[PDB]
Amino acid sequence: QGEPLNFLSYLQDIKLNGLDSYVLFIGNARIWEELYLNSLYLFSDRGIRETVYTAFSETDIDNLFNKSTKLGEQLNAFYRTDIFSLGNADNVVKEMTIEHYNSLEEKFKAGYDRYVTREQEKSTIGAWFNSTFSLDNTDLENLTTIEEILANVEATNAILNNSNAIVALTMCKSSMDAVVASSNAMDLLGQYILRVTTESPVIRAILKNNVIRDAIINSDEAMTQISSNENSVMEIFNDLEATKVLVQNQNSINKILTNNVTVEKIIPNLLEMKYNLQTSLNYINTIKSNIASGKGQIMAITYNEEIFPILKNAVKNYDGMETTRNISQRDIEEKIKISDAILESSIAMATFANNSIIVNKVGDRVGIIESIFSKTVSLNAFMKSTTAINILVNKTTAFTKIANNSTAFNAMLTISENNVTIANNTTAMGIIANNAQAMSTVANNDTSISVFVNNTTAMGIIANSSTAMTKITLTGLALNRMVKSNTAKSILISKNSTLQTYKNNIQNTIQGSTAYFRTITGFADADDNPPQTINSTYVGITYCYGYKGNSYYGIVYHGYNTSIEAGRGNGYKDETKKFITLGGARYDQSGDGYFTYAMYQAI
């Protein structure tokens, strides 16, 4: 037999009774201790593991650390590993690393902390560090508090450059509390990171350690060091939780943005990434169905309700492909989360929205603006930044994507100054004016259409776009605002034929939309010239023809410029001899003409 029989009976009763076992009653602690100090089976019996971990009191963990002559073997059995050194707690602490420490559960982490505190409080902290890890530093020897150690750079680095001593230093709650409090220690810690940045396991283990991670990312000093090395920052964005901590600290964001490589290459790649990753994930999920089908072809050939033996490998291969594929999927789904952690941070997005290098990258790189559109926070941050729009209005591809995304377009138009920025850009206005959806949004947005029709550039382009005109001439609001604009009246009167193209749309919209137009003069016949009226809010509709259908002409000119003819006509009254006038009207005759005329006003 390996262990005594009563130990086996104790394990049986623990399995059968959980925490209700007589073994785990406080009154029987004496035997319970004897078990966990001497049994290996207790720590290798997974079927009771959940109970055992719960049963361990703080005193029990202290007893383990202080008394067990095989704490290493018991930890190795308890975590199904071999990473811990054999023997008592001193052998375990001597070979402990941050990675191996992170493999521990909470109770054993706390046990490590308390044990190291006890051992330091026996002798002195400096002498304990020096002798335990053989740091061979006499300066450290005579230091009696953690503050005295942090005042000495030589001793601090002697500790930090030891994989085990750093675990002792960082994972002792009080000691760590001093390190966070010291402005100098943080700096040294930051420098430590820079040295390890190319030892991938070490840096990854550091970033998976919540205490060190959180202290480093939120430290002004440490980040200052780390930001200088783009490859260190790279490792932070390779870890989801570290990224989540980072994108919630304004100061650390600014710090990493002090590095030109980070700004130019790392951040745009992190933004561009989600689009490429989602596309790759679509291909992965297509491969899943293709694997299922190709395997189903093989499965259909049966032999005693089993696979046809000659094809057995063909099945196994298809399963292998399904394994690796699944792996791929997981990995990709992880990286997307990282992107989502960045895109969902208003702190990180707003800042990026006011950085001109990053916004130029958004404009230049296919995929970044798609990723930005994939989240509300990132979308609003960029669409509502007048700086970002001021840059992006010159990026035709990105701005076309904005104009086609109704949500991003509407978000962009919530800022008036963005409307002004757009109006003064010939390219952008050219895109919008020839986009039926966008022009539909603009025509029903008072601010946007009011800015556009009163801007010489935008209104110049709109007048040359049959799409935009159409929409505007069918919308009461837009037609009202356009009629009131002197810029629009001037441009349209210089392009009279374009104006008259939409005479029916204009008549119908004016007469229909009483919310935006009122009648000044109902239709009336006139043998002699009616008195001219000039008012920059007026719209006239005038039938010109001859008296009793003779061959003499009625002529109508715009009110906003009474020298520009809007139209003329002889013969009989007719829908083709009916003309729109802007800003009023002036009436004239060549011979005995005749008019049937009405006047309206934009409210």
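Numbers follow the displayed sequence, beginning with 1.
Colleague: Using only C-alpha atoms and the B-factors in the entry, which stretch averages higher, 441-449 or 523-531?
Modeller: Averaging CA B-factors over each stretch, the winner is 523-531.
Colleague: For the higher mean C-alpha B factor in the entry, choose 327-335 or 192-200.
Modeller: In the deposited entry, the stretch with the higher C-alpha B-factor mean is 192-200.
Colleague: Maximum C-alpha temperature factor per the entry, among 319, 417, 220, 264, belongs to which one?
Modeller: Most elevated C-alpha B-factor of the set, per the entry: 220.
Colleague: From 558, 49, 70, 578, can you pick the one with the highest C-alpha B factor in the entry?
Modeller: Out of 558, 49, 70, 578, the record gives the largest C-alpha B-factor to 70.
Colleague: Where does the C-alpha B-factor of residue 357 rank in its chain, lowest, middle or highest third?
Modeller: For residue 357, whose C-alpha B-factor we compare with every modelled residue in the chain, the answer is the middle third.
Colleague: Just say lowest, middle or highest third for the CA B-factor of residue 538 relative to the other modelled residues in its chain.
Modeller: Its C-alpha B-factor belongs to the lowest third of this chain's values.
Colleague: Select lowest, middle or highest to describe the third in which the CA B-factor of residue 430 falls within its chain in this entry.
Modeller: It belongs to the lowest third of the chain when residues are ordered by C-alpha B-factor.
Colleague: Sorting by Cα B-factor within the chain, modelled residues only, which third would residue 501 end up in: lowest, middle or highest?
Modeller: For residue 501, whose C-alpha B-factor we compare with every modelled residue in the chain, the answer is the lowest third.
Colleague: Just say lowest, middle or highest third for the CA B-factor of residue 567 relative to the other modelled residues in its chain.
Modeller: Tercile = lowest for this residue's CA B-factor.
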